[PDB]
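Form deposited in one PDB entry, single chain, as structure tokens, below.
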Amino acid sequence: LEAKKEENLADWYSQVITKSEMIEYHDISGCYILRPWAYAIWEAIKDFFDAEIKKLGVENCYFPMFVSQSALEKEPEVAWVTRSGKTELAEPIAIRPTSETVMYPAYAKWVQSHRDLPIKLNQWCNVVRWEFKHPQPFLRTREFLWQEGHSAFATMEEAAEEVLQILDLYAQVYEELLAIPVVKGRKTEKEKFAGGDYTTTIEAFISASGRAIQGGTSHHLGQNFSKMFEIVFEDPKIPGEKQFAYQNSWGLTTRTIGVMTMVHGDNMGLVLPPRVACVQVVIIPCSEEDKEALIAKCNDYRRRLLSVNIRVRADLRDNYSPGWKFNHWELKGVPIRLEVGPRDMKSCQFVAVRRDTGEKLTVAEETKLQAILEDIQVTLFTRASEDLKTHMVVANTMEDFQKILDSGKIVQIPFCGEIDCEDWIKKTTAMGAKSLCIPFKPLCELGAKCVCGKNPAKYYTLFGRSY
């Protein structure tokens, strides 16, 4: 790897994602191939989150990719299919940018009584938003994989409960799987989903860019969509009266992998948190009778490790040098390299090198390796945490806000929350700073006025430059 993360972050990022064999470019802008090394991380995320939402009663299903004009405009850079071969469709049809308008008519038909609620459905699928701004692999693409969950309840408080549960699962994905610290909160009036009541969100910070990025989102839709699509049930108490269902929706994408790359990656390449590493430990070999024995010693380690449920690969290819293999698996971010040399074989001991720090370490010919893995995870998280702690500070006045913002940090400011003030904050700080979230647990507690002067502060709000 040539480019340096602190010099030329875009070039560093492209080189990391391709030389780690995560991404390949497609001949259509903003579309990328997810190679197995990237996809396996998505598979790990999927296994965790799918089990967890199943524990909450959510069922998986698959709705059509195509949205009619009427369904879509029953409420915009949607991709329109307008012909098959050379012959025009009777009416153009749209590729889903999200599936509310595909799902909620079906919900309306399935709900007859309050006995039919709640409905909790999730799908793992692809969506398309065909914007013409600059794409970035993983972080912001035209086609992407995600999961979208869509719930409908009889009451408001079970919906609110789910909203917070799903947000906490997203925070778990980032913090426990990817070792990325996030700040939970809710979007401002300006930035919230216009189709919902409130939008909760997890925001992560990428310091090499000094920019924030949304990691996931969980919306309380309230009765907005149920009144739109007539998702109604009869009142269990009052004859002949109908109630509109309360709804949530929530989503999470492969952006995860990009954030994991941006946060933990270094100038040797990818750095994989052991919890999502497709390969946690790579075994590399360093008298011909002796050579055969060495290979057999590696296979011994491999089988043992496989037996202790550690994801492991023995790279015994004859065609490549050990130093080549060292660099290959470092670039890919394998948390531990296990080096087996003849002396050490003879000494019945071995060497383990951790990817995060490079700390080498000799050990006796199972237990240790697992112990190293966990520490690597903790290490990654705590460093990311310190980075966030360094780059997220309080400022009580605009001038202090601006200086700090220009130092490449994100700032919690007292904020009145009006949309006009938020646009003013954007252009005065000019790209300009946007609102990220109103944090659940702000750093310091809030008579204080907004940084606009004209109005009092309603809440500490986190602002920053953002992807």
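Note that residue numbering begins at 1 and tracks the sequence as displayed. Here, rigid core means the biggest group of C-alpha atoms that superpose within 1.5 Å across both forms.
Absent from the display: the form deposited in another entry. The rest refers to it.
Visitor: With the core superposed, find the residue in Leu338, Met228, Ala94, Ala159 that moves its CA 2 Å or more between the shown form and the other one.
Guide: Result of the superposition: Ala94 is the only one at 2 Å or more.
Visitor: Is the C-alpha displacement of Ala371 equal to or greater than 2 Å between the shown form and the other one once the rigid core has been superposed?
Guide: After core superposition, the C-alpha of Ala371 moves less than 2 Å between the shown form and the other one.
Visitor: My question is whether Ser70 is one of the residues whose C-alpha shifts by 2 Å or more between the shown form and the other one, given a fit on the rigid core.
Guide: Indeed, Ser70 is displaced by 2 Å or more.
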